[PDB]
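J.: Provided hereafter are the protein sequence and its experimental coordinates.
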Amino acid sequence: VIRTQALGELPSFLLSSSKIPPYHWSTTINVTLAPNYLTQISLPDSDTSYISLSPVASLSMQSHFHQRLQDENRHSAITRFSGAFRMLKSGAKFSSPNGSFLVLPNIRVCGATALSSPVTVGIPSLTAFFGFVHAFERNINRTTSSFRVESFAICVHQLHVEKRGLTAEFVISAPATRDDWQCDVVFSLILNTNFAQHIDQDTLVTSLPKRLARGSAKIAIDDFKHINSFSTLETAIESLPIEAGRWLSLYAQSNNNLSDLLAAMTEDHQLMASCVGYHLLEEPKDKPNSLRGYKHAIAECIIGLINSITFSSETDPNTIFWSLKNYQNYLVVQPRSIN
RNA sequence: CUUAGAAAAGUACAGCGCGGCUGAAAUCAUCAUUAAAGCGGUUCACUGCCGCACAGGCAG
């Protein structure tokens, strides 16, 4: 059982339980980990260490979303569990308008969960994106201990989210059914690394992770020759073979209330909202059964707003490169243009 | 180092019957395109013969 509320305050352009009155329940923390099936992940809390945390959905926000989202069919998505919880649909559709820069163009993931946050559906969570990037870092570190990626940028080419279902394995018969959205986003990403020299492509593609947000991210064989390292992103951007796509940025304007959220959504119905970071409800503490013996802390997902940026002249890369700032009260990946 | 680790929604199907858009019309008077202009072989493919040839063949 968890009852503790938010410990700390968040910036105005990030959403958490602190911005809304949480007295919609149905302060002690005492949970089990060894036999429980709750989720558990690891993120870097420092340049040389990681932090384990188990993001748990806050029923306050889910209710605050179910109550408001009715009569908003244009931006409402419904799901039945085992019970009907409506969430925030992402617009209507997806249109298609240092040195040593490394590219992995045209990465397609098939069957990636779109229920990033418990109160929205759409593009997969940027937390999962950063986890995939860091898994790539770990895989490439075994063959080269001096390889670090300072920051990355994500370009989306094709986005498609529709209702599907997971056929649970038999445990006799199959357990209670579950309905969750899935996505097949086609995306390309840029990497800023400190290697500062060329690396052989065979090990680079051998170390490329496949899993991405419970999906299968694989790159076409004929695009292997396009995996090359360039010293300048200005010429790197002119190089990838896809002339269509969008760049992801953060919405710095205020989104304090869900009414203001829907007001912001209705001017363009093109921006998307998904999980961007985690707000810890408990300070990092060690428990006997962690993911890898690191400090564990029950956290809560934060919903942000992803902007659309068309790269061109007079477009600073500082507005499109994301990284994990590792704040003491929350762990989130945001673009480095915000001070 | 990804609400991490895993997952087959699939089997059948006849939309069918019938139909009058019809009545009437004036597009309509007038009009100045005007002025001004080098496209240039220096030699180069000539002169004889035959044949009746506005025919067709010879040589230097």
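T.: Looks like it came in fine. Numbering: from 1, shown residues only, chains lettered A, B, ... in the order given.

J.: any idea which helix or strand carries the residue of chain A found nearest RNA strand B?
T.: Nearest to RNA strand B, among the residues of chain A, is residue A:131, at 1.7 Å (C-beta to the nearest atom of the strand). (Each C-beta comes from the backbone N, C-alpha and C, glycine too.) Per DSSP states H and E: residue A:131 is located in helix A:126-141.

J.: quick check: residue A:249 vs residue A:337, distance?
T.: 8 Å (C-beta to C-beta, to the nearest Å).

J.: between those two, which contacts overlap?
T.: Common neighbours of residue A:249 and residue A:337 (criterion: C-beta atoms under 8 Å, 6 or more residues apart in numbering): residue A:319.

J.: what about those two, which has more around it?
T.: Between residue A:249 and residue A:337, counted using other C-beta atoms under 10 Å, the more crowded position is residue A:249 (21 against 14).

J.: and that one, that's in a strand?
T.: Yes. Under DSSP: H, G, I helix; E, B strand; the rest coil, residue A:249 sits within a strand.

J.: list the contacts for it?
T.: A:306, A:307, A:308, A:309, A:319, A:320, A:335.

J.: buried subset of these as a ChimeraX selection?
T.: Only the buried entries of the contacts of residue A:249 go into this ChimeraX selection, using 16 or more other C-beta atoms under 10 Å:
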select /A:306,307,308,309,319,320,335
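
J.: just the ones of the contacts of residue A:249 in helices?
T.: In helices, judged by DSSP state H, none of those are found.

J.: need the contacts of residue A:249 in TSV (columns: distance to residue A:67).
T.: Output for these, formatted as TSV (distance: C-beta to C-beta, whole Å):
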residue	distance to residue A:67
A:306	25
A:307	27
A:308	29
A:309	33
A:319	35
A:320	35
A:335	32
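
J.: out of the contacts of residue A:249, which comes closest to residue A:43?
T.: Residue A:43 lies nearest to residue A:335 out of the contacts of residue A:249, by C-beta to C-beta, at 17.7 Å.

J.: tell me the buried residues in the strand or helix carrying residue A:102?
T.: Here residue A:102, judged by DSSP H and E, is contained in strand A:101-110. Using 16+ other C-beta under 10 Å as the burial criterion, the residues of strand A:101-110 that qualify are A:101, A:102, A:103, A:104, A:105, A:106, A:107, A:108, A:109.

J.: TSV please, covering those residues and showing distance to RNA strand B.
T.: Output for the buried residues of strand A:101-110, formatted as TSV (distance: C-beta to the nearest atom of the strand, whole Å):
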residue	distance to RNA strand B
A:101	21
A:102	17
A:103	18
A:104	13
A:105	18
A:106	17
A:107	11
A:108	14
A:109	9
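
J.: fine by me, we can end here.
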